[PDB]
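Undergrad: got the complex split up, this is the first portion:
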Amino acid sequence: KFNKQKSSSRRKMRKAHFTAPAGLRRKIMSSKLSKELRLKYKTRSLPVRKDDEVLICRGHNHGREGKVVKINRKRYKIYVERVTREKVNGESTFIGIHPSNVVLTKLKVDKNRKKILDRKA
């Protein structure tokens, strides 16, 4: 708000959202952390990774937990294990989920993430 450095004008912000580079895109695919994990790490939100286990809580699949298949930074979509759907020609693909609509439970640590988790701490 108060700083005059960052523009708040709508058009400009919108352009920034669409023309964002891949590193920035990786950053804004972040997810709310589940309560046990939030307690464990003292952290609100994390950038998502492939082998983690999400729970869906918005959209037509809000009963579903499951493992993440692929994340698509081009399309702003994560894909999950059993949110399968058949297409017109009788071919099964995965339903796209946007990160806000999932709450992340079990997350798989690796050294890059471990560094992030320590950095948050």
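TA: On my side now, so go ahead. Numbers count the residues shown, from 1 in each chain, chains lettered A, B, ... in the order given.

Undergrad: show me where chain A has strands.
TA: For chain A, the strands defined by DSSP state E cover A:30-33, A:45-47, A:53-56, A:65-72, A:77-86, A:92-97, A:102-104.

Undergrad: tell me which residues in the longest one are buried?
TA: When neighbours are counted by 16 or more other C-beta atoms under 10 Å, the buried residues of strand A:77-86 are found to be A:77, A:78, A:79, A:80, A:83. For every residue, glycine as well, the C-beta is placed using N, CA and C.

Undergrad: kindly report the same for stretch A:1-17.
TA: Buried-residue list, stretch A:1-17, by 16+ other C-beta under 10 Å: empty.

Undergrad: could you tell me the end-to-end distance of that stretch?
TA: End-to-end span of stretch A:1-17 (C-alpha to C-alpha, to the nearest Å): 18 Å.

Undergrad: any idea how far residue A:44 is from the closest residue to residue A:8 other than its chain neighbours?
TA: In this structure, residue A:8 finds its nearest non-sequential neighbour in residue A:1, 7.6 Å apart by C-beta to C-beta, 6 or more residues apart in numbering. Applying C-beta to C-beta, to the nearest Å, the value for residue A:1 to residue A:44 is 21 Å.

Undergrad: related to what we said a few turns ago, now for the buried residues of strand A:77-86, which pair is the farthest apart?
TA: The most widely separated members of those, counting by C-beta to C-beta, are A:77 and A:83 (11.1 Å).

Undergrad: and for those two, which residues touch both?
TA: Common neighbours of residue A:77 and residue A:83 (criterion: C-beta atoms under 8 Å, 6 or more residues apart in numbering): residue A:97.

Undergrad: list the contacts for residue A:22?
TA: residue A:73.

Undergrad: kindly recompute the last result at 10 Å.
TA: Going by C-beta atoms under 10 Å, 6 or more residues apart in numbering, residue A:22 touches A:73, A:74.

Undergrad: what of residue A:35?
TA: Here residue A:35 is in contact with A:103, A:105 (criterion: C-beta under 10 Å, 6+ apart).

Undergrad: do the same with residue A:52
TA: Contacts of residue A:52 (C-beta under 10 Å, 6+ apart): A:31, A:46, A:67-68, A:71, A:78, A:102, A:104-108, A:113.

Undergrad: now, which of these sits nearest residue A:93?
TA: residue A:78 (13.8 Å).

Undergrad: add one more, call it chain B:
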Amino acid sequence: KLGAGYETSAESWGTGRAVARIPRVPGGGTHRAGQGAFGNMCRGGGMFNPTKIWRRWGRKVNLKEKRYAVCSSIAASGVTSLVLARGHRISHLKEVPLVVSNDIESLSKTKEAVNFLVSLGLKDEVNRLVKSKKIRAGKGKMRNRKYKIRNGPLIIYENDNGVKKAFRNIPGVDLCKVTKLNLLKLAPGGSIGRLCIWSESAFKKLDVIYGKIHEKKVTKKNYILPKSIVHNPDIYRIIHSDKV
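TA: Chain B added:
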């Protein structure tokens, strides 16, 4: 833009050519050729009077009038009926010149400020302020004018000890320092009076400013309160009165 709509070539063959005589773009081939040119009626042709950079944008409003407007606006806020009329949900308030102890100036958490407003009894008004944020119709949305809110109480303070940052960020509240009281804030949209919350220090300082027990720099120099045209406006009492 200065040249707007005139950077086509300019040509005018029309008399005896069996067309209207207004200019046409010259050359051939392309669809733009032979087509209606510059002029306040054609595709891309530029409106009849452009708007220049040099409209008379502002106005030199007069010092004595401005001062009077400030004094009168504050005075209007004083009167209970006018504030109510201005539409505040002020029904349960104890008194319209609302003055609070200078501990208000030292408040430093938003929740306490809300709590304080509720304690005063402005709960309904606080409700209207929280409620009343809406997206408004029309082109404004693309020009960074997304929400419209309605005007909340005006906090008048003598010197910061938390208030300036602390009551801000509660919808439609305004804050202003006493010495620099502002006509636009006191009288929004050309409406009169507002729900005003004064510190006791501010209240005492107000009297100093307009020259009862004057000072070297606080008091506005050479300035007096404008005297009224009518001394007493109770027309019905004059009519009622025995002599008349």
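
Undergrad: re-run the earlier check on the contacts of residue A:22 with chain B in the model.
TA: A:73, A:74 (C-beta atoms under 10 Å, 6 or more residues apart in numbering or on different chains).

Undergrad: distance of it from residue B:64?
TA: Distance, residue A:22 to residue B:64, by C-beta to C-beta: 63 Å.

Undergrad: ok, now residue B:55?
TA: 27 Å.

Undergrad: the closest residue to chain A within chain B: neighbour count?
TA: Among all residues of chain B, residue B:144 sits closest to chain A, at 5.5 Å; criterion: C-beta to the nearest C-beta. By the criterion of other C-beta atoms under 10 Å in any protein chain shown, residue B:144 has 12 neighbours.

Undergrad: which SS state does residue B:52 fall under?
TA: coil (DSSP: H, G, I helix; E, B strand; the rest coil).

Undergrad: what's around it, how many residues?
TA: 7.

Undergrad: would you mind listing the residues in contact with the nearest residue in space to residue A:58 that is not next to it in sequence?
TA: Leaving aside its chain neighbours, residue A:58 sits nearest to residue A:101 (3.8 Å; criterion: C-beta to C-beta, 6 or more residues apart in numbering or on different chains). By C-beta under 10 Å, 6+ apart, the contact set of residue A:101 is A:31, A:54, A:56, A:57, A:58, A:59, A:61, A:62, A:78.

Undergrad: now residue B:130: which helix or strand?
TA: Element membership for residue B:130, per DSSP states H and E: helix B:123-131.

Undergrad: again but with residue B:58, I slipped
TA: Using DSSP H and E, residue B:58 falls outside every helix and strand.

Undergrad: now do the helices in chain B.
TA: B:63-78, B:80-85, B:110-120, B:123-131, B:163-166, B:183-186, B:200-209, B:235-240 (DSSP state H).

Undergrad: the residue nearest to residue A:58 and chain B, how far apart?
TA: Distance, residue A:101 to chain B, by C-beta to the nearest C-beta, to the nearest Å: 23 Å.

Undergrad: flag every residue of chain B that's near chain A.
TA: B:141, B:142, B:143, B:144, B:145, B:146, B:168, B:169 (C-beta under 10 Å from any C-beta of the partner chain).

Undergrad: what does chain A have sitting close to chain B?
TA: Looking at chain B, the residues of chain A close enough under C-beta under 10 Å from any C-beta are A:1, A:8, A:9, A:10, A:11, A:12, A:13.

Undergrad: ok, for the last one, nearest residue in space, not its chain neighbours?
TA: It refers to residue A:13. Residue A:13 sits nearest to residue A:7 (C-beta to C-beta, 6+ apart), 7.0 Å away.

Undergrad: can you add chain C next? sequence is:
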Amino acid sequence: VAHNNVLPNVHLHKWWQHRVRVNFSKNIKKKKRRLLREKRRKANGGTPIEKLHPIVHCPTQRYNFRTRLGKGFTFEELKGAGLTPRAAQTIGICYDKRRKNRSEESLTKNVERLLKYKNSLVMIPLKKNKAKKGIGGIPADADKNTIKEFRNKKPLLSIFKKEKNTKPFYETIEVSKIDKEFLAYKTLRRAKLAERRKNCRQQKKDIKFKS
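TA: Adding chain C to what we have so far:
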């Protein structure tokens, strides 16, 4: 042109659209000037950045009774104060060669003004903790204690401003000291009448003197 209305006279006839400029910049430009000068004052070791100026009487008939800041103290005024121009220049007293003290009062008034500023100022030792008497009539250096305490004090800038002429027109005289036989109007017109002949004589004296 039509009926009673004054004759038109607008000089926008030679091309003028290519020549407007509209200042939307007033407040921002003012803010910018203030911020740079304040930054400069902050930078300059707590020193004032204003320079001393002589008071002078205004040119010609129109402003004969009024007095304003001039440009440059003159050599006589510096010498009278007890300073030499380069030395004066270093402590912010501004010089010129152009002014010349035509009449006595102005010289005395300006040397008093210089002296007051000089007496007021206190000087930082150049290379720190190495205080000395110094040259050119510049005030001698000072210790750590005086400087430290002085830096903490507010630097009062009143001397830089123009001198207010104190009004004294509402003044009183005893009636029996009034001299009523005078004719001021007569004296004035006669003086104007006699001017050429007085010039004629003065010119003759000037010729006589020069030989």
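
Undergrad: again for the buried residues of strand A:77-86, since chain C is there now?
TA: A:77, A:78, A:79, A:80, A:83 (16 or more other C-beta atoms under 10 Å in any protein chain shown).

Undergrad: ok so, going back, now the helix holding residue B:130 - C-alpha only, PDB.
TA: The C-alpha coordinates for helix B:123-131 follow below in PDB (Å, rounded to 0.1, in the frame of the first residue of the first chain):
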ATOM      1  CA  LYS B 123     -22.000  -0.500  16.800                       C
ATOM      2  CA  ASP B 124     -24.600  -0.100  14.100                       C
ATOM      3  CA  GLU B 125     -22.500   2.500  12.300                       C
ATOM      4  CA  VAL B 126     -19.400   0.200  12.600                       C
ATOM      5  CA  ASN B 127     -21.600  -2.500  11.100                       C
ATOM      6  CA  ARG B 128     -22.600  -0.300   8.200                       C
ATOM      7  CA  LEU B 129     -19.000   0.600   7.500                       C
ATOM      8  CA  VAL B 130     -17.900  -3.100   7.500                       C
ATOM      9  CA  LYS B 131     -20.900  -4.100   5.400                       C
END
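
Undergrad: can you name the residue of chain A nearest chain C?
TA: Counting by C-beta to the nearest C-beta, chain A gets nearest to chain C through residue A:4 (12.6 Å).

Undergrad: nope, chain B is what I meant
TA: Counting by C-beta to the nearest C-beta, chain B gets nearest chain C through residue B:54, at 5.1 Å.

Undergrad: how many neighbours does residue 67 have?
TA: Defaulting to chain A. With other C-beta under 10 Å as criterion, residue A:67 counts 13.

Undergrad: oops, wrong one, chain C.
TA: Using other C-beta under 10 Å, the number of residues around residue C:67 comes to 16.

Undergrad: OK, contacts around it?
TA: Here residue C:67 is in contact with C:55, C:56, C:57, C:58, C:106, C:109, C:162, C:163, C:164, C:165 (C-beta under 10 Å, 6+ apart).

Undergrad: equivalent analysis for residue A:40, please.
TA: A:33, A:34, A:117.

Undergrad: pull the distance from the helix holding residue B:130 to the chain's centre.
TA: 21 Å (C-alpha atoms, centre = their mean, to the nearest Å).

Undergrad: that helix packs against which elements?
TA: In terms of contacts (3 or more C-beta pairs under 10 Å, 6 or more residues apart in numbering or on different chains; DSSP states H and E), helix B:123-131 is packed against helix B:110-120.

Undergrad: the helix it packs on to helix B:123-131, inter-axis angle?
TA: 140 degrees (axes from the mean of the first three to the mean of the last three C-alpha atoms, to 10 degrees).
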